[PDB]
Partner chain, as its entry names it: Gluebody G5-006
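Only one chain is given next, in structure tokens, and it is the form deposited without the partner chain.
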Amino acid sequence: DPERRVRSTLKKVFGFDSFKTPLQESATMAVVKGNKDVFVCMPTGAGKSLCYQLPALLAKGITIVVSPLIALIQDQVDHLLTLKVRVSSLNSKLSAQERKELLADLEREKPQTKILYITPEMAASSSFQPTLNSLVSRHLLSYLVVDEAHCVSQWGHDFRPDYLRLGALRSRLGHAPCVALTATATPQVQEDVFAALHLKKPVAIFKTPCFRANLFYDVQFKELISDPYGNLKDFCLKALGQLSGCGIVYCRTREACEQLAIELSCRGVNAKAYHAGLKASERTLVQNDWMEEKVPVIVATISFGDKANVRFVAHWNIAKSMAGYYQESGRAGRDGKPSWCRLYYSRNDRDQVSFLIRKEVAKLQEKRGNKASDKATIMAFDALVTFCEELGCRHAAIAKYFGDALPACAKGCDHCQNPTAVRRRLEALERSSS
């Protein structure tokens, strides 16, 4: 029984009685089994770390774990040191004395080190190779783990050249299985991971689906609304009337944030602005006022840094990216009860956000020259423009983006609930500028 061994270690070392989801459990079992290569794609906070850290302890040899930054290695190392586990790290920030003590440990038979964190630069170093081949010689490597695996991809919004070295490394440790883990969930990033890391076919995939059936999506066009602030007012109120629950209004500028909270409060719905301009004392009062439910609606530019009963998330201005919008809106309806997600689109608004992105990309060019990755920035915005202008199910467009199959829309979107309503609105959009 592996399930005995897993259950024991989850308690005795990690101090958990259960797995956060069955998907975390399914992934973790496949890694223990050790026959296949594995891809774990779950949101940040889902406990991806556990899926390789636990199996490493049940194995005979050493697990090598590649993480992008010494700052994230250190947090991991300290976490595991407070749980009485034999874990070390190899990097520039170590002394030459400590570096000699660790390399000595690796050149014994049956070393004390059980998990070795290393950067991709250090894994691809000249100075590391004798040690690495010595571990290969003596069949002392149980696994190879590549955390933050999206770093291989130009489409993944954090490219790192050194991650492309990890492929050849992988085929040299062919005896041992490889686990690749990320929160970025686009199909192209997954294609890039599979080829860049020379993963072995059939890959066992553990992927959180991005369809939530309890969310209603719609997209209104501001060019067509006679009374914009009142349209929003009614929306907020309807979502709070079955008062009950809370809501979020997102927007881009400080000025619009303030005007929005004034216009909502003046027209029968209590609301307070929330942005980086105001003082940190006043920031935290608005935060606390929304959490304990004195004030039901918060109008914001930026996150706090959980909340179960958000009955609506409204976007006043189009977001910078599809991943952006999916994250932001998806703060709605965590309790499982019906919520509403609305996006107020306009073509002038689209142009403003479009201009800003490109001006930001020019700055990065001035600084470091042209990069293939800047097209990923543009495409990510464009996917959300298409979402706004196309006749189609809302949830499916989201699904298409993250490479999921056609989800069953329970009339859970404006398009599917009434295809012709939406068509009539898209015809009148085009008549506006006739």
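Residue numbers count along the first chain shown, from 1.
Absent from the display: the form solved in complex with the partner chain. The rest refers to it.
Only one of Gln190, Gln220, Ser339, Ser89 comes within 4.5 Å of the partner chain in the deposited bound form through a heavy atom, and that residue is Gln190. Contact with the partner chain in the deposited bound form, judged by any heavy atom within 4.5 Å, is made by just one of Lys238, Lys100, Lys201, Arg108: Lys201. In the deposited bound form, at least one heavy atom of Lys207 sits within 4.5 Å of the partner chain.
In the deposited bound form, the partner chain lies farther than 4.5 Å from every heavy atom of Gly61. Among heavy atoms of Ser26, some come within 4.5 Å of the partner chain in the deposited bound form.
Though the partner is left out of this view, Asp404 does reach within 4.5 Å of the partner chain in the deposited bound form, counting heavy atoms only. You can rule out all but one of 355-363, 310-318, 157-165, 193-201: in the deposited bound form, only 193-201 has residues with a heavy atom within 4.5 Å of the partner chain.
Treating the motion between the shown form and the other one as two rigid parts, with each C-alpha given to the better-fitting one, puts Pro209 and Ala421 in one part.
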